[PDB]
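Colleague: before the rest arrives, take these chain(s) from the complex:
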Amino acid sequence: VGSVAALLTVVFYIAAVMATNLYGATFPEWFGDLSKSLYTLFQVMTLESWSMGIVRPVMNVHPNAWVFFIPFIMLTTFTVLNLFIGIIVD
């Protein structure tokens, strides 16, 4: 549980630095700075408007952006599910 929760903040800082870098100058509202990018990656993590709201407009500028966003989900939405199950078991 402890080793998993730490890995999640590490993955969330590496993606939040990257999302600010790649889609910063192009999408300043959602990917302006690290904090802006953290808040928006979390929105994508809870699945809220992930595709139609953020993931789709970004592809219209950066067509390959799905390589960033789809794997992040297949990871973060698995991790959190595994982490929460770990809490109940322990």
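Modeller: Arrived safely. Numbers count the residues shown, from 1 in each chain, chains lettered A, B, ... in the order given.
Colleague: check which helix or strand covers the residue lying closest to residue A:47 once chain neighbours are set aside.
Modeller: Once flanking residues are discounted, residue A:47 sits nearest to residue A:77: 6.8 Å by C-beta to C-beta, 6 or more residues apart in numbering. Backbone N, C-alpha and C define where each C-beta goes, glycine included. Using DSSP states H and E, the element containing residue A:77 is helix A:66-89.
Colleague: re earlier: hang on, the residue nearest to residue A:47 packs against residue A:48?
Modeller: No - counting by C-beta atoms under 8 Å, residue A:48 is not a contact partner of residue A:77; they are 11.6 Å apart.
Colleague: about what we covered before: and the residue nearest to residue A:47, how many neighbours?
Modeller: 14 (other C-beta atoms under 10 Å).
Colleague: separation between it and residue A:55?
Modeller: Going from residue A:77 to residue A:55 by C-beta to C-beta, to the nearest Å gives 14 Å.
Colleague: do the same with residue A:35
Modeller: In this view, residue A:35 and residue A:55 are 20 Å apart by C-beta to C-beta.
Colleague: Compare these two and say which is more crowded by neighbours.
Modeller: residue A:55 (18 against 10).
Colleague: nearest spatial neighbour of that one, skipping sequence neighbours?
Modeller: Nearest residue to residue A:55 in three dimensions, chain neighbours excluded: residue A:69, at 5.0 Å (C-beta to C-beta, 6+ apart).
Colleague: how about that neighbour, what does it touch?
Modeller: A:44, A:50, A:54-55, A:58 (C-beta atoms under 8 Å, 6 or more residues apart in numbering).
Colleague: swap the cut-off to 10 Å and go again
Modeller: A:15, A:19, A:41, A:44, A:50-51, A:54-56, A:58-59 (C-beta atoms under 10 Å, 6 or more residues apart in numbering).
Colleague: Chain B goes on too:
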Amino acid sequence: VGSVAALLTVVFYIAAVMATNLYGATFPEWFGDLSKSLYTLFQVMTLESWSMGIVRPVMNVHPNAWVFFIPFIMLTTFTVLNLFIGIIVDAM
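Modeller: If we add chain B to the chains shown above, we get the following:
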């Protein structure tokens, strides 16, 4: 299960009083009164339009509002998941 379900209504009254207070006069549609604030915090709890719909417009007036909304989710969306698992366990 009983001790958890009661804690959920307590957390939902403390946040519903707070959400009406902080974002009331500024966002009367979603945070006008306790009932309005209860219904909207629940929308945030089920994750439905949470960010793009409510959480984002509120930050454009109250930039720190994320300190209220992100923790509420990391709590209420964990509690309900743990509560529902508790029901199934206390049956088998």
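Colleague: What about the contacts of residue A:69 again, now that chain B is present?
Modeller: Going by C-beta atoms under 10 Å, 6 or more residues apart in numbering or on different chains, residue A:69 touches A:15, A:19, A:41, A:44, A:50-51, A:54-56, A:58-59.
Colleague: And for residue A:49?
Modeller: Per C-beta under 10 Å, 6+ apart, neighbours of residue A:49: A:43, A:55-56, B:47-53, B:56.
Colleague: Chain A: helices as residue ranges?
Modeller: A:2-22, A:28-31, A:34-45, A:56-59, A:66-89 (DSSP state H).
Colleague: looking at the ones you listed, which is buried most?
Modeller: Compared across the helices of chain A, helix A:34-45 shows the largest average neighbour count, a mean of 19 (mean count of other C-beta atoms under 10 Å in any protein chain shown).
Colleague: how big is the angle separating that helix from helix B:66-89?
Modeller: In this structure, helix A:34-45 runs at an angle of 30 degrees to helix B:66-89, with axes from the mean of the first three to the mean of the last three C-alpha atoms, to 10 degrees as the basis.
Colleague: where's the residue nearest the centre of chain A relative to chain B, distance?
Modeller: Against the mean C-alpha coordinate of chain A, by C-alpha atoms, centre = their mean, the closest residue is residue A:41 at 3.1 Å. Computed as C-beta to the nearest C-beta, to the nearest Å, the residue A:41 to chain B distance reads 11 Å.
Colleague: Please apply the same query to residue A:77.
Modeller: 12 Å.
Colleague: What of residue A:47?
Modeller: Distance from residue A:47 to chain B, by C-beta to the nearest C-beta: 7 Å.
Colleague: Quick one: neighbours of that residue, just the number.
Modeller: Neighbour count of residue A:47, defined by other C-beta atoms under 10 Å in any protein chain shown: 13.
Colleague: got the contact list for it?
Modeller: Contacts for residue A:47 were tallied using C-beta under 10 Å, 6+ apart; they are A:73, A:76-77, B:47, B:50.
Colleague: quick one, phi psi at it?
Modeller: phi 80, psi -10 (degrees, to the nearest 10).
Colleague: The following sequence is to be added as chain C:
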Amino acid sequence: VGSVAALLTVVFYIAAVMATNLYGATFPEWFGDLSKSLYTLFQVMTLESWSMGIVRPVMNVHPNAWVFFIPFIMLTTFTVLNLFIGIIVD
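Modeller: Next up, chain C placed on what we already have:
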């Protein structure tokens, strides 16, 4: 599993008859007929746009409509979760 799956179709016919009746003439796009009402109650069941999309516009005409929609969710989104767990166990 069998006794639960049958209860779900029964609850989905009683609500689909009711939703067509209450919010029919007022909201014909989403609650016109039984089938229209079934499809829309399912959208509410998967939580997709449930509040901002359907539940909110309906309250602006029928203020108490939340008494119909919130309990339906606390039931159908629990039932399906319990049913799917039952399949994996059996």
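Colleague: Please reconsider the contacts of residue A:47 now that chain C is part of the model.
Modeller: A:73, A:76-77, B:47, B:50, C:47.
Colleague: Over to residue A:46?
Modeller: Shown in contact with residue A:46 (C-beta under 10 Å, 6+ apart): A:76-77, A:80, B:47, B:50-51, B:70, B:73-74, B:77.
Colleague: with these in mind, which one is nearest to chain C?
Modeller: residue B:47 (7.0 Å; C-beta to the nearest C-beta).
Colleague: Farthest pair within the contacts of residue A:47?
Modeller: Across these, the longest distance by C-beta to C-beta is 18.8 Å; it joins A:76 and C:47.
Colleague: how about the residues of chain A near chain C?
Modeller: A:47, A:49 (C-beta under 10 Å from any C-beta of the partner chain).
Colleague: Let me know whether residue A:55 touches residue A:44 as I believe.
Modeller: Yes - counting by C-beta atoms under 10 Å, residue A:55 does reach residue A:44; the two are 7.2 Å apart.
Colleague: hey, what's in contact with both of the two?
Modeller: A:68-69, A:72-73.
Colleague: what's near enough to touch the spatially closest residue to residue A:66 that is not a sequence neighbour?
Modeller: The spatially closest residue to residue A:66, leaving aside those adjacent along the chain, is residue A:59, at 6.2 Å (C-beta to C-beta, 6 or more residues apart in numbering or on different chains). Applying C-beta under 10 Å, 6+ apart, we find residue A:59 in contact with A:51, A:65-66, A:69.
Colleague: Would you mind confirming that the residue nearest to the centre of chain A makes contact with residue A:9?
Modeller: No - with contact defined as C-beta under 10 Å, residue A:41 does not reach residue A:9; the gap is 11.9 Å.
Colleague: I'd guessed residue A:62 sits against residue A:22; true?
Modeller: Yes - applying C-beta under 10 Å, one finds residue A:62 in contact with residue A:22, separated by 6.8 Å.
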